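Undergrad: One structure is given below, represented as structure tokens, and several questions about it will come after.
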Amino acid sequence: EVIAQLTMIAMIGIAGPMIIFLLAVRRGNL
Amino acid sequence: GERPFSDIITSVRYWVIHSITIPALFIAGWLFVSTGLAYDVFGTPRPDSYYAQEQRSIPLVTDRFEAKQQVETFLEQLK
Amino acid sequence: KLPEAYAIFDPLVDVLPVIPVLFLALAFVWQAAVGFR
Amino acid sequence: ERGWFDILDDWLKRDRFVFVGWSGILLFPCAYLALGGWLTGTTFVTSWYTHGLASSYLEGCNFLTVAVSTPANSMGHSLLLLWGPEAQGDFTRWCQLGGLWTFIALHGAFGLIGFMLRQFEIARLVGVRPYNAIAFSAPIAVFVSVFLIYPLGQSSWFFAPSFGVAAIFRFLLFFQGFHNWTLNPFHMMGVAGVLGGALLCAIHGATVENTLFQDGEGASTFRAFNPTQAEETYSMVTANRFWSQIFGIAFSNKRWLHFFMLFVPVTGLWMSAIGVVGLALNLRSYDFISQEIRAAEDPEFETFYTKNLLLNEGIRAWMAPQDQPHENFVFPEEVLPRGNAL
Amino acid sequence: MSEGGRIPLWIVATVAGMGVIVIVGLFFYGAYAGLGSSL
Amino acid sequence: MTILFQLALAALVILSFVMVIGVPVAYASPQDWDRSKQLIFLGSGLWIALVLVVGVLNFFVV
Amino acid sequence: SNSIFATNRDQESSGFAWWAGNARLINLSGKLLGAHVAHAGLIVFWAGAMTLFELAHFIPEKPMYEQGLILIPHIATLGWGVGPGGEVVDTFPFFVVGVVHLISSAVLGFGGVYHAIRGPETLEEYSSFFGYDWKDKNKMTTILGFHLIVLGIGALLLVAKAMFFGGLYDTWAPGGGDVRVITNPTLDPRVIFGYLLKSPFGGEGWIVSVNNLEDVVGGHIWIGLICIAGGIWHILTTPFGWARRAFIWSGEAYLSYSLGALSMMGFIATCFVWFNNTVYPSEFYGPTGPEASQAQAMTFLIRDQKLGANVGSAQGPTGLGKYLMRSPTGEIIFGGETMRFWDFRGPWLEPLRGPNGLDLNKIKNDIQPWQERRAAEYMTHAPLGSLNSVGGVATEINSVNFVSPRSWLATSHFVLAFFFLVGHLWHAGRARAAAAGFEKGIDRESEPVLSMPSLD
Amino acid sequence: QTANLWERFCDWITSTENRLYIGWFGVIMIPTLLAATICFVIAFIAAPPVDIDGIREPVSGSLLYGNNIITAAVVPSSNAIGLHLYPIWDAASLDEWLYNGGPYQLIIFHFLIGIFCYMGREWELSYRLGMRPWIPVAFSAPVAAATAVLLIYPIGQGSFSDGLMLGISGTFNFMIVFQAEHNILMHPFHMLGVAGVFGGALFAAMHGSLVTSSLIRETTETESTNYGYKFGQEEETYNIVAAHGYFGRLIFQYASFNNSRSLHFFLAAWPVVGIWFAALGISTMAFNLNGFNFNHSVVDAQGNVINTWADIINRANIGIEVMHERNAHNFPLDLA
Ligand code: CLA
Ligand code: CLA
Ligand code: CLA
Ligand code: CLA
Ligand code: CLA
Ligand SMILES: CC1=C(/C=C/C(C)=C/C=C/C(C)=C/C=C/C=C(C)/C=C/C=C(C)/C=C/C2=C(C)CCCC2(C)C)C(C)(C)CCC1
Ligand SMILES: CC1=C(/C=C/C(C)=C/C=C/C(C)=C/C=C/C=C(C)/C=C/C=C(C)/C=C/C2=C(C)CCCC2(C)C)C(C)(C)CCC1
Ligand SMILES: CC1=C(/C=C/C(C)=C/C=C/C(C)=C/C=C/C=C(C)/C=C/C=C(C)/C=C/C2=C(C)CCCC2(C)C)C(C)(C)CCC1
Ligand SMILES: CC1=C(/C=C/C(C)=C/C=C/C(C)=C/C=C/C=C(C)/C=C/C=C(C)/C=C/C2=C(C)CCCC2(C)C)C(C)(C)CCC1
Ligand SMILES: CCCCCCCS[C@@H]1O[C@H](CO)[C@@H](O)[C@H](O)[C@H]1O
Ligand SMILES: [Ca+2]
Ligand SMILES: [Cl-]
Ligand SMILES: [Cl-]
Ligand SMILES: [Mg+2]
């Protein structure tokens with residue numbers, strides 16, 4: 001169960017900074 | 001007169017160097033414990049080494065000048 | 001326990017409660033990316 | 001042709017990111033070893049042979065319970081040098097005997113000397129009066145009285161404070177139970193100086209921040225200040241009127257205000273150091289003799305003073321066997337003082 | 001190679017902070033498992 | 001049916017993760033807003049449908 | 001174009017630094033709408049996700065209060081999922097509440113993100129209905145009225161649950177705690193508003209003393225109609241002159257008023273969960289502090305009486321009864337330190353109480369095993385424990401993983417109520433200073449004190 | 001006219017010319033603080049012994065009944081009263097009211113109303129003077145702490161007999177019992193409190209010494225340097241660039257404040273937030289969410305407990321626990 005938990009929170013945790021990064025490279029409306 | 005830290009830690013050269021040295025130091029510290037070496041350098045009891053199996057008394061040092069030999073005696077009584 | 005059909009999603013359910021905390025953290029990532037202007 | 005001393009003086013006093021100075025030759029090694037010794041000991045080193053205690057991350061303690069603990073009482077006030085007659089050059093035995101405690105205390109003492117010297121040296125080079133150094137005499141008086149004079153008056157370093165969070169809390173409660181230290185007027189003056197200093201810190205910062213002149217258009221007002229400006233950034237006149245009408249009195253002299261902010265906490269810490277020097281000798285403010293005469297003769301007479309002594313008696317009887325293991329105390333259940341039911 | 005700002009400071013701060021969170025989280029996990037867990 | 005139910009819920013989880021990232025990016029992106037707006041509609045309708053599918057299918061495995 | 005300062009989202013345009021950045025929204029109704037709806041999504045998200053976490057961790061045969069649960073207790077108190085004595089008979093209602101909140105949070109988050117970054121930044125150009133000016137007193141009272149009506153409907157939903165959709169869990173139900181349909185809600189205003197005029201001190205307890213579901217339901221009938229009526233009132237009127245002259249009329253002032261209101265409610269909730277065992281049933285939340293202390297005295301009374309003690313005549317060391325004594329007004333109460341808790345009332349104890357207080361005849365003859373069980377359970381689940389959830393007094397050794405839900409809920413909401421009172425003071429003082437035009441500091445060329453006579 | 005005479009009254013109440021500002025908060029503050037002060041002074045000198053723990057064991061608090069300044073206190077109301085309000089008129093006599101600790105309730109309730117109004121009065125005068133409004137936010141920290149020990153803690157424990165006792169030794173009694181019953185030393189909010197007051201004292205000495213260090217020479221060698229500043233002068237009296245140049249070299253440059261507004265905000269915020277957390281410590285231990293418990297947390301391979309310093313603290317806590325209120329407990333757990 002602990003490998004699954006750490007993978008979920010890793011994917012969830014990257015999602016936020018991933019949004020900022022994608023908008024930064026696309027010169028979006030940050 | 002030296003470069004600002006923000007210039008250094010946002011440079012590629014800084015991270016090429018430290019992508020190696022920081023993990024290497026972390027792993028060496030890990031191994032210092034996982035090999036058990038930390039116990040023997042500092043003289044810290046392992047979990048099975050606080051008490052002998054029969055006695056439940058603390059190996060307290062009571063002799064100032066033969067304390068070194070007194071610790072050495074308390075340790076031989078474990079195994 | 002969850003109903004058994006949902007059991008495979010147990011590790012996901014374990015982590016969802018902390019997501020609101022991530023939104024507060026995300027505000028600082030975002031502010032850093034615009035230089036705290 | 002200048003002379004090596006002046007050439008060294010030049011290099012030591014170069015304006016660099018970390019100022020060195022002559023004082024740094026003492027300060028940096030001693031501060032680094034004191035800090036490094038504490039981190040080393042709290043991470044890896046036990047207190048099993050000196051105290052019967054686990055005290056390191058390696059043993060399972062956390063940040064609140066790790067410590068570098070004092071040597072065993074049987075060491076007396078030994079300097080406990082690595083090459084001394086107790087450890088005889090054996091680093092492992094030295095750690096097991098508590099040598100890291102005197103290592104940290106003594107490098108710490110000389111590091112504090114180095115820091116105060118740094119305060120003098122930088123003040124002299126920049127051309128300011130050395131009041132920061134003078135204010136630092138209070139931390140020094142506290143460290144010297146608590147970590148050096150107090151154990152030197154007692155039986156051994158064992159009864160000095162151990163360097164740890166929970167270890168220090170134990171030291172507080174020991175001083176309550178054995179010294180009745182809260183009853184000591186030198187501690188009370190110390191408390192007044194610390195709480196009074198924190199009061200002055202808060203009220204002065206709040207007063208400045210709420211008597212600012214509007215020197216810009218922003219709703220966030222920090223940007224409307226220039227370090228080179230000649231003008232006061234807040235109104236002393238409006239601040240004075242406010243506190244005069246709220247509290248009855250107010251500062252009117254900015255120089256006195258800022259000297260008083262130094263005087264209060266510095267004097268308080270100095271007074272607490274004097275009381276601890278007395279406690280080095282068990283010269284306690286333990287009792288009020290008139291209270292004890294009355295209570296001994298009159299079993300209906302009770303005050304908060306007699307109530308706290310009963311607590312002290314509980315602390316001593318219930319903590320001493322494990323806290324003073326060299327004494328080999330065995331207190332049979334029937335002799336332990338305790339109230340009803342508990 | 002030595003030019004400042006090739007790696008944006010906001011990314012440095014985010015990754016470094018996540019590293020701090022991971023290591024501190026590991027220490028809190030260790031409060032409940034193995035030595036020091038009371039178990 | 002138990003596996004089919006698990007598939008529809010897995011699809012909803014995956015679609016959700018795609019929307020959580022894709023919608024703020026699209027909303028704040030200058031170009032391709034016309035294509036983004038249509039996709040956000042499609043994702044939203046599919047999301048709602050999958051919630052209903054999982055909701056109905058729940059009662060065949062619980 | 002390619003400029004970092006080119007947007008209005010910086011200190012240069014707004015006058016507010018990044019750490020006060022949400023103040024840049026005061027006069028941007030569209031984006032501020034987004035912020036509020038997104039934040040509502042976060043609340044709803046937590047309710048849903050936390051319930052599913054609780055349910056996934058839930059062992060239905062252990063008491064809830066042994067399991068760190070705070071949301072499932074709220075659902076169970078509404079009568080969902082439980083039977084006699086609070087036993088869990090069906091976890092599916094807990095699952096439904098969790099799922100539906102979690103799904104709903106996606107809709108709120110969608111609308112929040114839309115309004116916050118994609119939709120119109122200000123609403124006034126787009127809609128006279130949804131646009132607003134903080135200084136438009138009539139628009140402000142209209143939006144207040146809409147939300148008052150929404151709140152009144154919410155109160156009537158509780159009533160609907162209690163009277164027409166299964167009832168509520170009643171710890172006081174005759175024969176033992178059980179779900180019960182409320183058919184005769186208390187409508188008499190002398191009772192309903194009598195609660196509001198009770199002293200908050202001991203033995204009275206203001207509204208925290210509500211001790212039966214008929215008063216609870218009837219009270220929510222009253223609050224429902226009052227809120228709907230007040231909402232209609234505020235849609236059809238504008239503030240009277242005396243109100244106009246008394247208040248500050250600005251977004252920040254309105255925020256400060258609500259912060260003072262929420263602080264007060266937070267302190268009230270703290271006392272409710274600490275003392276009240278009717279709308280916070282001890283079956284779900286654990287015993288209250290007073291309850292567990294009373295349960296200890298009850299436990300040793302039972303034990304010692306079984307051994308042959310005459311508990312009525314047993315003089316304790318002080319001269320007061322070791323087990324039983326009188327309150328300052330004469331009622332027979334439990335002795336020892338729990339003399340302070342004699343205002344406690346609970347269903348396991350009331351069968352032993354008569355007109356004079358605890359009845360020695362009933363104590364000698366009528367204590368049932370279920371009462372001994374309940375008192376032992378509650379004595380050993382007293383709401384005492386460490387921050388790392390080691391149950392018991394502070395000197396307890398590690399073993400029991402327990403902190404009462406009552407302690408978690410009381411402490412959190414005191415912390416929150418306290419900072420919200422600080423926020424009230426902050427924003428109330430700032431709103432006054434900003435309305436008067438000196439929130440940025442003293443005008444050097446027009447310093448008021450310089451125009452005042454000296455004090456002396 | 002009624003409206004004119006009332007407006008004259010309002011103008012006097014809110015006048016910026018009164019030597020001490022009155023104001024609307026002052027209309028409540030002045031009578032409540034006077035009642036609390038007068039009762040406290042009389043009780044501290046002359047009150048007879050009070051049965052704080054409701055076990056007919058009266059504790060003498062007043063000077064005339066055998067106390068000195070260090071041991072005297074106004075003793076809390078009886079444990080038999082609990083949280084009941086006990087005004088004079090609910091007593092059969094002043095004699096009864098005194099035995100049962102009536103004065104304590106009168107004092108603390110008037111005092112608490114008074115200091116809350118003192119806080120509002122700080123807002124009010126700042127508004128009349130055209131000042132910024134957050135001095136009462138700083139004062140809310142000591143107010144919160146006083147409210148924690150006089151009101152919240154007794155509510156949580158069910159009795160004003162457990163609130164702070166109003167005297168020097170009574171304060172120490174409160175502290176020592178609190179440590180046994182909550183392990184407050186191991187609670188992180190008390191730790192933040194200590195950082196607040198240690199740090200506040202440190203930063204006071206630091207700020208005081210740095211400004212004093214860089215005063216501009218304006219006096220002769222005879223007179224006090226204090227004469228170099230004149231009340232209300234426009235120019236700054238010290239060289240903040242010199243002060244910053246010293247402190248930036250003492251540590252490193254970027255660790256030092258050159259912005260005086262940032263500096264003084266920090267001086268306000270550090271002790272205030274620290275004391276907010278201290279007050280929240282007491283106010284949440286009031287509901288028995290207590291300090292960290294690592295009692296027997298370290299165990300060896302066989303299962304023997306290996307003591308830590310936390311366990312030595314526990315032994316002191318037990319000694320306090322078993323001795324305190326030695327005649328008041330009949331049953332094995334102290335549950336409040
Ligand atoms: C600022 C530098 C500094 C200072 C002041 C100290 C101070 C101390 N150290 Mg630390 N140490 C340091 C740096 C320093 N250390 C560094 C860099 C290391 C890592 C190598 C260490 C590693 C270390 C260890 C491992 C230990 C110490 C210990 C100590 C303590 C005992 C020292 C001692 O007895 O020395 C004695 C030696 C001297 C005093 C040298 C003096 C030389 C004199 C002045 C020469 C005089 C010549 C004369 C004029 C010639 C005459 C000629 C004739 C023919 C006429 C003391 C507190 C011990 C300790 O803490 O025990 C608890 C200990 O075990 N230190
Ligand atoms: C409850 C938390 C919360 C909410 C709802 C908001 C909301 C808002 N903030 Mg505030 N803020 C917050 C906390 C919050 N903030 C905190 C803690 C700080 C201190 C760091 C700030 C500091 C701050 C500043 C300095 C500013 C704002 C501004 C804004 C507004 C515009 C944001 C923008 O343009 O970003 C653009 C960013 C992006 C486009 C990146 C992506 C952002 C989206 C929303 C992430 C969505 C993630 C989510 C998982 C998606 C789910 C999708 C799914 C439902 C389909 C917006 C209404 C700005 C403003 O007032 O404008 C007028 C502004 O200048 N905020
Ligand atoms: C009303 C708020 C509230 C309350 C009363 C509870 C209560 C509880 N939670 Mg829940 N939870 C909450 C909100 C709350 N939670 C939130 C917001 C999240 C998302 C992070 C969760 C996610 C969550 C999980 C995943 C778990 C719990 C669990 C629990 C139980 C164990 C608590 C514990 O060990 O804490 C430990 C205590 C701390 C970590 C102390 C935090 C101290 C904070 C930082 C102080 C903050 C002060 C203030 C807010 C900030 C002021 C700053 C100032 C400058 C203004 C307990 C019943 C556990 C459980 O048993 O579930 C079955 C569990 O596993 N909770
Ligand atoms: C209180 C919250 C709130 C408020 C005041 C608004 C207000 C507005 N919205 Mg926004 N929105 C919200 C939440 C809100 N919205 C949510 C949750 C979502 C996600 C679904 C959206 C997604 C959204 C989009 C995509 C658009 C808007 C638009 C608008 C504007 C025109 C709306 C209109 O004319 O509807 C007319 C009214 C109706 C069509 C009937 C509405 C009946 C609703 C659907 C059911 C109500 C039942 C009940 C009251 C809901 C209780 C919910 C509760 C349990 C939480 C207006 C400013 C439009 C806009 O800004 O254009 C420029 C637009 O395009 N909104
Ligand atoms: C969210 C709730 C809410 C809010 C924010 C408002 C806000 C407002 N109302 Mg409305 N009202 C509401 C709900 C609300 N109302 C409901 C539900 C009803 C139906 C009963 C009404 C019926 C109503 C009427 C008839 C009037 C208002 C009026 C007003 C305006 C001034 C009110 C005022 O001076 O308050 C402050 C209160 C006072 C100045 C009175 C003295 C307050 C005492 C001293 C406080 C005691 C508090 C006590 C300690 C706490 C509880 C204890 C108590 C139970 C014993 C203000 C815009 C006035 C207006 O002009 O409307 C056009 C007005 O005439 N309201
Ligand atoms: C329900 C659900 C879901 C949802 C999800 C979500 C909603 C998510 C979100 C998420 C998020 C929302 C995330 C975020 C994150 C964040 C982060 C991760 C951050 C961090 C930060 C940091 C680390 C910081 C740092 C810093 C900076 C930046 C600056 C200053 C300094 C400091 C250090 C502070 C899904 C889809 C799964 C599906 C299933 C179900
Ligand atoms: C003793 C001795 C010596 C020395 C040694 C040394 C010098 C050492 C050092 C050491 C060191 C130098 C170490 C370090 C360590 C560190 C650590 C271990 C850290 C940790 C940290 C953390 C964990 C963090 C935390 C935090 C905080 C604090 C705040 C913010 C948040 C956070 C969480 C980040 C010699 C050889 C001379 C001789 C012999 C004796
Ligand atoms: C504006 C802004 C902001 C904020 C934002 C927010 C706050 C948002 C929210 C959002 C949200 C609030 C979202 C939500 C979402 C949700 C979701 C997406 C969900 C989903 C769900 C699912 C998918 C489920 C599934 C399931 C079922 C059905 C059954 C059971 C199991 C499970 C759980 C698996 C910030 C701070 C960044 C700053 C910038 C601006
Ligand atoms: C549901 C329920 C119930 C009922 C309840 C009720 C019916 C309530 C009501 C309530 C109410 C009915 C409340 C009210 C309140 C009020 C208030 C809270 C007020 C306030 C005021 C103010 C805040 C003012 C201020 C001021 C002054 C004083 C001076 C001038 C200026 C001004 C205006 C600022 C009962 C308990 C039976 C049971 C449980 C459930
Ligand atoms: C390390 C202790 C230093 C004490 C000061 C000794 C200075 S000694 C001094 O040094 C000069 C060069 O600087 C020489 O020119 C001179 O001949 C010599 O006597
Ligand atoms: Ca701009
Ligand atoms: Cl006591
Ligand atoms: Cl008892
Ligand atoms: Mg571990």
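FYI, nothing fancy with the structure tokens labels: chains A, B, ... in order, residues from 1 per chain, ligands from 1 as they appear.
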Please, which residues have at least one atom within 6 Å of an atom of ligand 6, using only C-alpha atoms and all ligand atoms, listed as a list in words?

TA: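 Residues lying within 6 Å of ligand 6: residues 12, 13, 14, 15, 16 and 17 of chain A; 19, 22, 23, 25, 26, 28, 29 and 32 of chain C; 10, 13, 14, 17 and 18 of chain E; 13, 16, 17 and 20 of chain F.
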
Undergrad: Could those selected residues go to a file with C-alpha atoms, as a short mmCIF file (atom, residue, chain, number, x, y, z; two decimals), in the first residue's frame?

TA:
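Final output, saved to out.cif:
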data_model
loop_
_atom_site.label_atom_id
_atom_site.label_comp_id
_atom_site.auth_asym_id
_atom_site.auth_seq_id
_atom_site.Cartn_x
_atom_site.Cartn_y
_atom_site.Cartn_z
CA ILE A 12 -0.69 14.90 -7.24
CA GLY A 13 2.20 16.94 -5.85
CA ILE A 14 3.84 17.54 -9.24
CA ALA A 15 0.54 18.61 -10.85
CA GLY A 16 0.54 22.07 -9.25
CA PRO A 17 4.08 23.13 -10.14
CA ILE C 19 -4.60 18.38 -1.30
CA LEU C 22 -1.07 21.90 -1.57
CA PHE C 23 -3.19 24.83 -2.78
CA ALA C 25 1.80 25.88 -1.18
CA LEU C 26 0.95 26.39 -4.86
CA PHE C 28 3.92 30.50 -3.29
CA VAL C 29 5.20 28.56 -6.32
CA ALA C 32 7.86 32.94 -7.06
CA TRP E 10 11.52 29.76 -8.63
CA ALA E 13 13.14 27.07 -4.54
CA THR E 14 10.23 24.74 -5.33
CA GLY E 17 11.46 23.01 -0.58
CA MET E 18 9.91 19.72 -1.72
CA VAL F 13 -9.78 9.39 -12.12
CA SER F 16 -9.96 14.20 -13.68
CA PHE F 17 -6.16 14.41 -13.51
CA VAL F 20 -6.98 19.43 -13.23
#

Undergrad: Just the residues within 9 Å of residue A:26, please, counting only C-alpha atoms, with nothing from its chain fewer than 4 positions along; format it as a ChimeraX atom specification.

TA: /A:21-22 /F:29-30

Undergrad: Please identify the residues whose atoms come within 6 Å of ligand 8, using only C-alpha atoms and all ligand atoms, and report them as a PyMOL selection string.

TA: (chain C and resi 9+13+23-24+26-27) or (chain F and resi 12-13+16) or (chain G and resi 35+38-39+41-42+45+99+102-103+105-106+109+113+116)

Undergrad: For chain G against chain F, which residues fall within 8 Å using only C-alpha atoms, given as an MDAnalysis selection string?

TA: chainID G and resid 113:114 117:118

Undergrad: Could the residues in this selection be saved with C-alpha atoms as a PDB file, in the first residue's frame?

TA:
ATOM      1  CA  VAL G 113     -10.962  28.775 -11.615  1.00  0.00           C
ATOM      2  CA  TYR G 114     -13.114  30.064 -14.491  1.00  0.00           C
ATOM      3  CA  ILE G 117      -8.563  33.661 -14.469  1.00  0.00           C
ATOM      4  CA  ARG G 118     -10.742  33.391 -17.611  1.00  0.00           C
TER       5      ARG G 118
END

Undergrad: Please check which protein, DNA or RNA residues sit within 8 Å of ligand 14, counting only C-alpha atoms and all ligand atoms, and write them as a VMD selection string.

TA: (chain D and resid 60) or (chain E and resid 27 29 to 37)

Undergrad: I need the chosen residues saved as a short mmCIF file (atom, residue, chain, number, x, y, z; two decimals), in the first residue's frame, with N, CA and C atoms.

TA:
data_model
loop_
_atom_site.label_atom_id
_atom_site.label_comp_id
_atom_site.auth_asym_id
_atom_site.auth_seq_id
_atom_site.Cartn_x
_atom_site.Cartn_y
_atom_site.Cartn_z
N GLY D 60 17.28 6.45 18.77
CA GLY D 60 15.84 6.61 18.68
C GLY D 60 15.27 7.87 19.29
N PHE E 27 11.43 11.84 8.70
CA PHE E 27 11.74 11.84 10.13
C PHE E 27 10.47 11.68 10.96
N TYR E 29 7.74 10.07 9.92
CA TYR E 29 7.45 8.65 9.78
C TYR E 29 8.25 7.82 10.78
N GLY E 30 9.54 8.13 10.93
CA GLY E 30 10.38 7.37 11.85
C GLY E 30 9.98 7.52 13.30
N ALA E 31 9.23 8.57 13.63
CA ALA E 31 8.71 8.68 15.00
C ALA E 31 7.68 7.59 15.30
N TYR E 32 7.11 6.95 14.28
CA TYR E 32 6.07 5.94 14.47
C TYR E 32 6.54 4.52 14.16
N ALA E 33 7.78 4.34 13.72
CA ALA E 33 8.28 3.04 13.28
C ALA E 33 9.72 2.88 13.75
N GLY E 34 10.08 1.65 14.12
CA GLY E 34 11.45 1.38 14.52
C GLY E 34 11.79 2.04 15.85
N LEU E 35 13.06 2.40 16.01
CA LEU E 35 13.52 2.97 17.27
C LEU E 35 12.76 4.25 17.59
N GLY E 36 12.43 4.44 18.87
CA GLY E 36 11.73 5.63 19.31
C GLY E 36 10.23 5.62 19.12
N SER E 37 9.66 4.52 18.59
CA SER E 37 8.24 4.44 18.32
C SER E 37 7.41 4.04 19.53
#

Undergrad: As a PyMOL selection string, please: every residue in stretch 47-277 of chain G that a backbone DSSP assignment puts in helix (DSSP H, G or I).

TA: chain G and resi 47-57+64-66+71-77+84-86+92-118+137-164+189-196+206-209+213-236+241-246+251-275

Undergrad: Can you tell me which residues surround residue G:358 at a distance of at most 8 Å, considering only C-alpha atoms, apart from same-chain residues fewer than 4 positions away, and format the answer as a list in words?

TA: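 Once the adjacent positions are removed, what remains is residues 331, 332, 333, 352, 353, 354 and 363 of chain G.
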
Undergrad: Give the residue list for ligand 12 at 10 Å, counting only C-alpha atoms and all ligand atoms, as a list in words, sorted by chain and then by residue number.

TA: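 Going residue by residue within 10 Å of ligand 12, we get residues 304, 305, 306, 307, 308, 309, 310 and 311 of chain D; 53, 170, 173, 174, 176, 177, 320, 321, 322, 323, 324, 325, 326, 327 and 328 of chain H.
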
Undergrad: Please indicate the distance in Å from atom CA of residue G:286 to atom CA of residue G:65, rounded to one decimal place.

TA: 5.5 Å

Undergrad: Return as a count of residues only the residues of protein, DNA or RNA that approach ligand 4 to within 8 Å, with only C-alpha atoms and all ligand atoms taken into account.

TA: 22

Undergrad: Counting only C-alpha atoms, what is within 8 Å of residue G:405, bar same-chain residues fewer than 3 positions away, as a list in words?

TA: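 That gives residues 65, 68, 69, 70, 285, 286, 408 and 409 of chain G.
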
Undergrad: Could you pull out the residues sitting within 10 Å of ligand 5, using only C-alpha atoms and all ligand atoms, and write them as JSON, numbers by chain?

TA: {"G": [137, 138, 140, 141, 142, 144, 145, 147, 148, 149, 151, 152, 193, 194, 195, 196, 197, 198, 199, 206, 207, 223, 224, 225, 226, 227, 228, 229, 230, 231, 232, 233, 234, 235, 236, 237, 238, 239, 240, 241, 242, 243, 244, 246, 247, 249, 254, 257, 258, 261, 264]}

Undergrad: Kindly provide, as a count of residues only, all nucleotide and amino acid residues lying within 12 Å of ligand 1, counting only C-alpha atoms and all ligand atoms.

TA: 56

Undergrad: Could you list, as an MDAnalysis selection string, the residues of chain G having an atom within 7 Å of chain D when counting only C-alpha atoms?

TA: chainID G and resid 15:17 440:444 449

Undergrad: Write the selection just made, keeping C-alpha atoms, as an mmCIF file, in the first residue's frame?

TA:
data_model
loop_
_atom_site.group_PDB
_atom_site.id
_atom_site.type_symbol
_atom_site.label_atom_id
_atom_site.label_comp_id
_atom_site.auth_asym_id
_atom_site.auth_seq_id
_atom_site.Cartn_x
_atom_site.Cartn_y
_atom_site.Cartn_z
ATOM 1 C CA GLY G 15 -0.473 49.566 -4.143
ATOM 2 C CA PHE G 16 -0.420 46.208 -2.298
ATOM 3 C CA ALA G 17 2.618 43.960 -1.881
ATOM 4 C CA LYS G 440 -0.979 54.988 5.016
ATOM 5 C CA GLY G 441 0.318 57.231 7.822
ATOM 6 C CA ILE G 442 0.308 60.764 9.179
ATOM 7 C CA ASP G 443 0.353 63.697 6.721
ATOM 8 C CA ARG G 444 3.601 65.511 7.549
ATOM 9 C CA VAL G 449 -1.436 66.385 17.186
#

Undergrad: Residues of chain H near chain G: apply a cut-off of 6 Å, count only C-alpha atoms, and supply the list as a short mmCIF file (atom, residue, chain, number, x, y, z; two decimals) with C-alpha atoms, in the first residue's frame.

TA:
data_model
loop_
_atom_site.label_atom_id
_atom_site.label_comp_id
_atom_site.auth_asym_id
_atom_site.auth_seq_id
_atom_site.Cartn_x
_atom_site.Cartn_y
_atom_site.Cartn_z
CA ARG H 19 -5.04 64.46 30.19
CA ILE H 55 -12.53 20.57 50.97
CA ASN H 79 -14.04 24.09 43.88
CA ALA H 80 -17.56 23.53 45.26
CA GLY H 82 -16.95 25.32 40.03
CA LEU H 83 -17.90 27.65 37.17
CA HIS H 84 -21.00 29.02 38.91
CA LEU H 85 -21.08 32.81 39.10
CA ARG H 132 -2.58 53.78 12.24
CA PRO H 133 -4.74 51.32 14.18
CA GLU H 181 -1.08 17.97 34.42
CA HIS H 182 -0.19 19.03 30.86
CA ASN H 183 3.62 18.68 30.41
CA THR H 284 -5.70 24.44 24.24
CA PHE H 287 -9.08 21.18 26.79
CA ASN H 288 -6.35 18.66 27.66
CA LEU H 289 -4.52 18.49 24.32
CA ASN H 290 -1.23 18.29 26.13
CA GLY H 291 2.50 18.50 25.51
CA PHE H 292 4.39 15.75 23.70
CA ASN H 293 4.53 12.47 25.62
CA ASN H 295 7.41 8.44 28.15
CA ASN H 314 8.10 12.45 33.79
CA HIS H 329 -8.51 13.26 45.41
CA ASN H 330 -10.39 10.11 46.45
CA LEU H 335 -9.30 13.85 35.40
#
